[PDB]
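Structure record follows, encoded as structure tokens.
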Amino acid sequence: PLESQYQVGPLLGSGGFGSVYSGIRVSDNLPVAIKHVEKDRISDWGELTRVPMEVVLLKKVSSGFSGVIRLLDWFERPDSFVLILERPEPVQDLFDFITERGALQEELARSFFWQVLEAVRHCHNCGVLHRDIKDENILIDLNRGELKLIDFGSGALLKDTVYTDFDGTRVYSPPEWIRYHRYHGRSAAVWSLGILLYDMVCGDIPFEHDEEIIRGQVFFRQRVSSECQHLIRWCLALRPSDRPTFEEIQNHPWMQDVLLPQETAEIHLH
Ligand SMILES: NCCN1CCC(CCN2c3ccncc3Oc3ccc(Cl)cc32)CC1
């Protein structure tokens with residue numbers, strides 16, 4: 001049924017997550033993305049039937065609308081799982097967008113960062129921790145100015161006790177992971193959000209090496225408002241408990257007067 005119901009297009013990319021192709025649902029020409037994950041490469045299984053955790057997590061968050069790319073269907077094969085995902089068109093991931101345009105104007109960063117926060121809050125509400133929030137896991141719908149989270153393959157069920165496993169991106173990983181191999185979900189997520197916001201407004205990540213992460217001293221190579229600097233330094237507090245909650249991030253002075261997605265695309269994307 002997979003082969004008949006979907007028309008496969010170019011390979012979009014491949015990496016730790018498997019291989020993802022552009023596709024079309026033949027029933028209604030809906031643009032889709034088709035993701036293949038080798039069973040041998042899945043270290044983390046769940047249940048609804050053994051499936052990749054990613055399918056569990058996506059089902060938990062794909063109800064209703066949000067800034068999360070929705071799981072439309074999945075299929076099992078002898079050696080792989082195949083996931084059918086939404087595909088916005090036209091689209092560009094945030095990594096490529098920042099690579100092309102450099103550091104983002106603050107008005108644009110504010111709009112993007114706000115939408116990431118809303119998406120992450122929605123995940124956490126649904127009982128899901130992404131654990132790999134970063135520029136290349138964020139898609140921009142270029143027409144609507146809407147951001148969408150992708151790749152839940154390092155994610156987990158949200159819990160209030162310590163995590164001692166981590167499979168995300170090291171340079172977005174918090175100091176408590178680097179030093180102790182332990183973190184709690186929400187505060188680790190806030191650290192990664194601080195890395196992301198710095199990335200947006202400076203056009204690069206703040207820390208390359210473990211020693212810099214642990215030192216946690218933030219230097220700005222680009223002109224950034226005092227206010228944006230303050231939010232970033234707050235998210236990147238060395239002690240997890242000195243970090244802001246999502247509520248405190250969204251009530252921060254830098255986060256006031258966000259543009260709506262559509263006006264963001266008119267001003268900055270069209
Ligand atoms: N610097 C970018 C170079 N490439 C990096 C890989 C990228 C594929 C992204 N992708 C995805 C990647 C991993 N898990 C789920 C995914 O679900 C998607 C749904 C819909 C679209 Cl359009 C894309 C995805 C393609 C670009």
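How things are named: the first chain in the structure tokens is A, the next is B, and so on; residues count from 1 in each chain; ligands count from 1 in the order shown.
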Practice prompt. If you run DSSP over the backbone, which residues in segment 8-103 of chain A end up helix (DSSP H, G or I)? Put them as a PyMOL selection string.
Written response: chain A and resi 39-41+53-61+94-101
Write out, as a PDB file, in the first residue's frame, the residues just selected, with N, CA and C atoms.
ATOM      1  N   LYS A  39      15.560  -0.241  11.135  1.00  0.00           N
ATOM      2  CA  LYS A  39      15.294  -0.882  12.431  1.00  0.00           C
ATOM      3  C   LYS A  39      16.546  -1.093  13.248  1.00  0.00           C
ATOM      4  N   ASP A  40      17.643  -1.421  12.572  1.00  0.00           N
ATOM      5  CA  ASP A  40      18.949  -1.644  13.204  1.00  0.00           C
ATOM      6  C   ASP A  40      19.468  -0.392  13.903  1.00  0.00           C
ATOM      7  N   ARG A  41      19.118   0.783  13.377  1.00  0.00           N
ATOM      8  CA  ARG A  41      19.544   2.061  13.938  1.00  0.00           C
ATOM      9  C   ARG A  41      18.604   2.611  15.029  1.00  0.00           C
ATOM     10  N   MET A  53      10.095   5.218  18.998  1.00  0.00           N
ATOM     11  CA  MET A  53       9.569   6.244  19.924  1.00  0.00           C
ATOM     12  C   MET A  53       9.018   7.452  19.166  1.00  0.00           C
ATOM     13  N   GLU A  54       9.712   7.814  18.107  1.00  0.00           N
ATOM     14  CA  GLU A  54       9.304   8.913  17.244  1.00  0.00           C
ATOM     15  C   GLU A  54       7.816   8.876  16.807  1.00  0.00           C
ATOM     16  N   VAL A  55       7.319   7.685  16.437  1.00  0.00           N
ATOM     17  CA  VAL A  55       5.891   7.499  16.097  1.00  0.00           C
ATOM     18  C   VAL A  55       4.994   7.736  17.328  1.00  0.00           C
ATOM     19  N   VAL A  56       5.371   7.197  18.490  1.00  0.00           N
ATOM     20  CA  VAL A  56       4.629   7.446  19.753  1.00  0.00           C
ATOM     21  C   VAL A  56       4.536   8.950  20.014  1.00  0.00           C
ATOM     22  N   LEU A  57       5.701   9.603  19.998  1.00  0.00           N
ATOM     23  CA  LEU A  57       5.792  11.042  20.305  1.00  0.00           C
ATOM     24  C   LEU A  57       4.992  11.866  19.322  1.00  0.00           C
ATOM     25  N   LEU A  58       5.133  11.579  18.030  1.00  0.00           N
ATOM     26  CA  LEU A  58       4.377  12.320  17.011  1.00  0.00           C
ATOM     27  C   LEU A  58       2.878  12.134  17.100  1.00  0.00           C
ATOM     28  N   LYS A  59       2.423  10.930  17.434  1.00  0.00           N
ATOM     29  CA  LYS A  59       0.979  10.710  17.647  1.00  0.00           C
ATOM     30  C   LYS A  59       0.473  11.527  18.832  1.00  0.00           C
ATOM     31  N   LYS A  60       1.289  11.616  19.882  1.00  0.00           N
ATOM     32  CA  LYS A  60       0.907  12.394  21.060  1.00  0.00           C
ATOM     33  C   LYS A  60       0.766  13.884  20.766  1.00  0.00           C
ATOM     34  N   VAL A  61       1.550  14.409  19.815  1.00  0.00           N
ATOM     35  CA  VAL A  61       1.517  15.835  19.439  1.00  0.00           C
ATOM     36  C   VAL A  61       0.798  16.185  18.130  1.00  0.00           C
ATOM     37  N   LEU A  94      15.725  26.377   9.101  1.00  0.00           N
ATOM     38  CA  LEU A  94      16.265  27.586   9.698  1.00  0.00           C
ATOM     39  C   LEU A  94      17.777  27.660   9.578  1.00  0.00           C
ATOM     40  N   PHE A  95      18.446  26.515   9.665  1.00  0.00           N
ATOM     41  CA  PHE A  95      19.907  26.432   9.412  1.00  0.00           C
ATOM     42  C   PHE A  95      20.290  27.040   8.044  1.00  0.00           C
ATOM     43  N   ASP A  96      19.594  26.632   6.988  1.00  0.00           N
ATOM     44  CA  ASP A  96      19.876  27.168   5.642  1.00  0.00           C
ATOM     45  C   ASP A  96      19.517  28.625   5.530  1.00  0.00           C
ATOM     46  N   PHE A  97      18.399  29.004   6.141  1.00  0.00           N
ATOM     47  CA  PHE A  97      17.959  30.392   6.142  1.00  0.00           C
ATOM     48  C   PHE A  97      19.007  31.310   6.771  1.00  0.00           C
ATOM     49  N   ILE A  98      19.553  30.894   7.918  1.00  0.00           N
ATOM     50  CA  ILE A  98      20.566  31.676   8.648  1.00  0.00           C
ATOM     51  C   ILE A  98      21.916  31.666   7.899  1.00  0.00           C
ATOM     52  N   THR A  99      22.303  30.511   7.364  1.00  0.00           N
ATOM     53  CA  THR A  99      23.471  30.400   6.480  1.00  0.00           C
ATOM     54  C   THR A  99      23.403  31.387   5.303  1.00  0.00           C
ATOM     55  N   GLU A 100      22.246  31.497   4.654  1.00  0.00           N
ATOM     56  CA  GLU A 100      22.056  32.437   3.528  1.00  0.00           C
ATOM     57  C   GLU A 100      22.000  33.909   3.928  1.00  0.00           C
ATOM     58  N   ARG A 101      21.167  34.241   4.912  1.00  0.00           N
ATOM     59  CA  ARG A 101      20.944  35.636   5.290  1.00  0.00           C
ATOM     60  C   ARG A 101      21.838  36.195   6.386  1.00  0.00           C
TER      61      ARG A 101
END
Review point. Please, which residues have at least one atom within 8 Å of an atom of ligand 1, using only C-alpha atoms and all ligand atoms, listed as a PyMOL selection string?
Key: chain A and resi 12-15+17-22+32-35+69+85-89+91-93+95-96+136-137+139+150-153
Of A:36, A:121, A:239, A:179, the one sitting nearest residue 11 of chain A when using only C-alpha atoms is A:36
Got a sec to tell me which of segment 23-141 of chain A DSSP assigns to strand (DSSP E), as a CSV table (one decimal) with N, CA and C atoms, in the first residue's frame?
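out.csv, freshly written:
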chain,number,residue,atom,x,y,z
A,23,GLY,N,7.7,13.9,-1.5
A,23,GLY,CA,6.7,13.0,-1.9
A,23,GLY,C,5.3,13.7,-2.1
A,24,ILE,N,4.4,13.0,-2.7
A,24,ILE,CA,3.1,13.4,-3.0
A,24,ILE,C,2.1,12.3,-2.7
A,25,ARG,N,1.0,12.7,-2.0
A,25,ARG,CA,0.0,11.7,-1.8
A,25,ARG,C,-0.9,11.7,-3.0
A,30,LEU,N,-1.3,16.0,-2.0
A,30,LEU,CA,-0.9,16.7,-0.8
A,30,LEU,C,0.7,16.5,-0.8
A,31,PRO,N,1.4,17.7,-0.7
A,31,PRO,CA,2.9,17.5,-0.5
A,31,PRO,C,3.2,16.8,0.8
A,32,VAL,N,4.0,15.8,0.8
A,32,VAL,CA,4.4,15.1,2.0
A,32,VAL,C,6.0,14.9,2.0
A,33,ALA,N,6.5,14.5,3.1
A,33,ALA,CA,7.9,14.1,3.3
A,33,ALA,C,7.8,12.6,3.7
A,34,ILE,N,8.7,11.8,3.2
A,34,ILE,CA,8.7,10.4,3.4
A,34,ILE,C,10.0,10.0,4.1
A,35,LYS,N,10.0,9.5,5.3
A,35,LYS,CA,11.1,9.3,6.1
A,35,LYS,C,11.4,7.9,6.4
A,36,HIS,N,12.6,7.3,6.1
A,36,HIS,CA,12.9,5.9,6.3
A,36,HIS,C,13.9,5.8,7.4
A,37,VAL,N,13.6,5.0,8.4
A,37,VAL,CA,14.4,4.7,9.5
A,37,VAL,C,14.7,3.2,9.6
A,38,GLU,N,16.0,2.9,9.5
A,38,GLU,CA,16.4,1.5,9.6
A,38,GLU,C,16.2,0.9,11.0
A,45,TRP,N,12.6,2.2,21.5
A,45,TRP,CA,11.3,1.7,21.1
A,45,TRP,C,10.1,2.1,22.0
A,46,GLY,N,8.9,2.2,21.5
A,46,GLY,CA,7.7,2.4,22.2
A,46,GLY,C,6.6,1.4,21.8
A,47,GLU,N,5.4,1.7,22.3
A,47,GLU,CA,4.2,0.9,22.0
A,47,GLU,C,2.9,1.7,22.0
A,50,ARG,N,5.6,-3.1,18.5
A,50,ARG,CA,6.9,-2.3,18.6
A,50,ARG,C,7.0,-1.3,17.5
A,51,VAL,N,7.2,0.0,17.9
A,51,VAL,CA,7.4,1.1,17.0
A,51,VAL,C,8.6,2.0,17.5
A,52,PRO,N,9.2,2.8,16.5
A,52,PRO,CA,10.1,3.8,17.0
A,52,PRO,C,9.4,4.8,17.9
A,71,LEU,N,2.5,13.8,11.8
A,71,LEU,CA,2.6,12.5,11.2
A,71,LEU,C,1.3,12.2,10.6
A,72,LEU,N,1.3,11.9,9.3
A,72,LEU,CA,0.1,11.6,8.5
A,72,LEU,C,-0.2,10.1,8.5
A,73,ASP,N,0.9,9.3,8.5
A,73,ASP,CA,0.8,7.8,8.4
A,73,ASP,C,2.1,7.2,8.7
A,74,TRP,N,2.2,5.9,8.9
A,74,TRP,CA,3.4,5.2,9.0
A,74,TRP,C,3.2,3.8,8.5
A,75,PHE,N,4.3,3.1,8.1
A,75,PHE,CA,4.3,1.8,7.6
A,75,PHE,C,5.5,1.1,8.1
A,76,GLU,N,5.3,-0.2,8.4
A,76,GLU,CA,6.4,-1.1,8.8
A,76,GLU,C,6.9,-1.9,7.6
A,80,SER,N,12.8,-1.7,8.1
A,80,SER,CA,12.7,-0.3,8.3
A,80,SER,C,11.3,0.1,8.7
A,81,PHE,N,11.1,1.3,9.2
A,81,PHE,CA,9.8,2.0,9.3
A,81,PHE,C,9.8,3.1,8.4
A,82,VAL,N,8.6,3.4,7.8
A,82,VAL,CA,8.5,4.5,6.9
A,82,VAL,C,7.4,5.5,7.5
A,83,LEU,N,7.8,6.8,7.6
A,83,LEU,CA,6.9,7.8,8.2
A,83,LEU,C,6.5,8.8,7.1
A,84,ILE,N,5.2,9.1,7.1
A,84,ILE,CA,4.7,10.1,6.1
A,84,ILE,C,4.4,11.3,7.0
A,85,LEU,N,5.0,12.4,6.6
A,85,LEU,CA,5.0,13.7,7.4
A,85,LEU,C,4.5,14.8,6.5
A,86,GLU,N,3.9,15.8,7.1
A,86,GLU,CA,3.6,17.0,6.4
A,86,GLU,C,4.8,17.6,5.7
A,91,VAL,N,9.4,25.8,1.3
A,91,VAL,CA,10.0,25.6,2.7
A,91,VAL,C,11.5,25.8,2.6
A,92,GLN,N,12.0,26.2,3.8
A,92,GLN,CA,13.4,26.2,4.0
A,92,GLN,C,13.7,26.0,5.5
A,93,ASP,N,14.6,25.2,5.9
A,93,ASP,CA,15.0,25.0,7.3
A,93,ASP,C,15.7,26.2,7.8
A,128,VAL,N,5.5,15.4,25.7
A,128,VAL,CA,6.6,15.1,24.8
A,128,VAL,C,7.8,16.0,25.0
A,129,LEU,N,9.0,15.5,25.2
A,129,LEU,CA,10.2,16.3,25.2
A,129,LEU,C,11.0,16.0,23.9
A,138,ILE,N,14.0,23.0,12.6
A,138,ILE,CA,13.0,24.0,12.4
A,138,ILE,C,12.8,24.3,10.9
A,139,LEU,N,11.6,24.1,10.4
A,139,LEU,CA,11.2,24.4,9.1
A,139,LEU,C,10.4,25.7,9.0
A,140,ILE,N,10.7,26.6,8.0
A,140,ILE,CA,10.0,27.8,7.8
A,140,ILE,C,9.1,27.6,6.6
A,141,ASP,N,7.8,27.7,6.8
A,141,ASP,CA,6.8,27.9,5.7
A,141,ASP,C,7.0,29.3,5.2
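Shortest separation to residue 253 of chain A among A:226, A:241, A:217, A:5 occurs at residue A:226, atoms counted being only C-alpha atoms.
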Exercise. Could you pull the residues within 8 Å of residue 169 of chain A, counting only C-alpha atoms, minus those fewer than 3 positions along the same chain, as a PyMOL selection string?
Worked result: chain A and resi 132+172-173
Could those residues be written to a file, using C-alpha atoms, as a tab-separated table (two decimals), in the first residue's frame?
chain	number	residue	atom	x	y	z
A	132	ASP	CA	17.17	18.26	19.96
A	172	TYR	CA	23.11	22.56	22.06
A	173	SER	CA	23.48	20.29	25.17
re atom CA of residue 114 of chain A and atom CA of residue 142 of chain A: distance 16.5 Å
**Request:** Do a neighbour search on residue 232 of chain A at 8 Å with only C-alpha atoms, toss out local chain neighbours closer than 3 positions, and write the hits as a list in words.
**Result:**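 Once the adjacent positions are removed, what remains is residues 194, 195, 197, 198, 228, 229, 235 and 236 of chain A.
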Checklist entry - Could you name the residues that touch residue 222 of chain A at 12 Å or less, counting only C-alpha atoms, but leaving out those on the same chain fewer than 6 positions away, as a PyMOL selection string? => result chain A and resi 102-106+198-204+206+228-229
Separating atom CA of residue 146 of chain A from atom CA of residue 126 of chain A, to the nearest tenth of an Å, is a gap of 20.3 Å
